[PDB]
């Protein structure tokens, strides 16, 4: 099945659906992200990983790695934090900037797979702005749709470089 959620004006249901997806995950949580600076969502990851048994693997677009490391450093994330967490860098195809410098195309895909049961996917980025001021769309997917997301994750994973945490999913 497939469901689509639109942001309500009064309250941010989009954020809540993401946080609920993470806080309710039992065993496995794989995430494809472009930007990750929102401390709170990472706290929901830490909780699932260290307070529950959840194995977390975050494929982050190479562009956001820097500000993500700054987030971690700010709240003093440790290797011990990441006993069950794996953050890997991933990047799009190589191209020439106008300066002649070679850059990596941005991974704009964003989705969350919980317990290999259902998938969340939409425009919501793990930033404070997305979860407070921006109007996003969000889609939920179950059944056969989850597989095409799985193969996407595996595909991207193979091309991914390790950044921090578990170096062996």
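Numbering follows the first chain given and starts at 1.
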property	result
Of 138-146 and 116-124, the one with larger mean CA B-factor	138-146
Of 30-38 and 128-136, the one with larger mean CA B-factor	128-136
Relative C-alpha B-factor of residue 108, binned into the chain's lowest, middle or highest third	lowest
Relative C-alpha B-factor of residue 166, binned into the chain's lowest, middle or highest third	highest
